[PDB]
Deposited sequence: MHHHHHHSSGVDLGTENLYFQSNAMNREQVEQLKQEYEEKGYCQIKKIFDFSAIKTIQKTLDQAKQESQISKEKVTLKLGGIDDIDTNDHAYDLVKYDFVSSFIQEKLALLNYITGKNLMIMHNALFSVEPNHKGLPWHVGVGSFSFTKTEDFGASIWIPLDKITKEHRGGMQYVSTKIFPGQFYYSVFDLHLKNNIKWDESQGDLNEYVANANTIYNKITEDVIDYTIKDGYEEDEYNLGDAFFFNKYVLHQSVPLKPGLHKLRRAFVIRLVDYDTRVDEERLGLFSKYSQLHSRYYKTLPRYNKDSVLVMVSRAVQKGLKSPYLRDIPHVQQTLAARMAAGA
C-alpha cells in the first residue's frame, strides 16, 4: 500500500478512533469471498474470511499500535428499507471484554456504497464523542435489570421503563449531542471501515434501485492482552435465569456465539484473565493473528 497513505491512516485513526481504508482488498478477493457466500457452529461458520483478514493484520497493527487478534466473523445482510439501531457504541458486541481493554471492528461492505442509495454507515470521531463512558452507563443498566422480581410485573417492560441513565439517553439526546459532526463515506468494493469499540456509529438505510440487499462482513478484533469481564458475564447469567424462569425462554443474546463461548470458558473456571488463554482461542491462535 502507498506508504504515505498508510502514515495518514495511522494519523487519522489516532485522531478519530476510526479510519476508512480504501482498496484494503483486491477486487479479486472480494469476488472470491462474495462468490463463496453465493455457495455453537455460528462461531466458525465464516472462518474462511479469516485468511483474507489475516493478511491485513500487520497493517492494522501498525495503524493502531496494537497486536490484533480476530475473534469473530459475522455476515450482516438486510433489506434496503430497513430500520437499524440508532447511534450506539457496541456495548453488546464487546460485552465479553473489559471496558478499558481494547476492541475494534472491520466493516466490509460486499455491495458498493454510493452517494445515492446510501445504505452504509455513519460514524463520529471519538474526539467528539469518547464512547467509553457509554459502557459504564450500560453496566449500571445491566445491574438494574437483575433487580427485577415477579412482584414488579412484566420483566421486559420493567427494563424498558426503568428510570436509568441508560434509558434517559434517548435518540434525540444523542442526535443533539453529535449534531452534524459525523461522517458518512462512499465505499467501492475492497474498501473497508475500521473502528475501535468507542466509536459511536449507526447504519444508514438502503435505496431500492440497487442492490437487492446490503451485505457486509463485520469482524470483531481485540488486542493480545484484552481481558475477559467476569462480572459482566455474571450479570448476563443472572439475567438469563430471571428471563427463562419467567418467559420460559432465553434472552436473544445467547445467540452471540462469542458471548456464549467466553461464558462457558469462564464458568468452567479460568486460569487466566486474557482471552488468548481461553482454550478455543489459544488453539487457533496463529490463525487469529498477524504472520
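Residues 1-24, 64-90, 343-344 of the deposited sequence have no C-alpha coordinates in the model.
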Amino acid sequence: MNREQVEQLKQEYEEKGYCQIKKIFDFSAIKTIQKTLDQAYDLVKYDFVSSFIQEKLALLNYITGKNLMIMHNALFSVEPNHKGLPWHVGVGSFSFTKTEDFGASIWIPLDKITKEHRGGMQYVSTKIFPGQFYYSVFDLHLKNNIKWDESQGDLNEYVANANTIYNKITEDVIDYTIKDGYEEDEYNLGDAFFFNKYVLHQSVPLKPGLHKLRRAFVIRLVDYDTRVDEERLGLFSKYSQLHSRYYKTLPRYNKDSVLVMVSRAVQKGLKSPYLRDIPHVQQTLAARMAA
From here on, numbers count along this sequence of modelled residues.
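Look at the C-alpha B-factors of 163-171 and of 188-196. On average they run higher in 188-196. A summary of the deposited B-factors shows that, of 218-226 and 41-49, the stretch with the larger mean C-alpha value is 41-49. Ranking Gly90, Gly103, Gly209, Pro130 by the C-alpha B-factor listed in the PDB entry places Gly209 at the top. Across the residues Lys147, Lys98, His82, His141, the deposited record lists the maximum Cα B factor for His82. Per the deposited record, the Cα B-factor of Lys179 falls in the lowest third when ranked against the other modelled residues of its chain.
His201 sits in the lowest third of its chain by CA B factor, as recorded in the PDB entry. Among all modelled residues in its chain, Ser240 ranks in the middle third by Cα B-factor. In the deposited entry, the Cα temperature factor of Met121 sits in the middle third of values across the chain's modelled residues. Ranked by C-alpha B-factor against the other modelled residues of its chain, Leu213 falls in the highest third.
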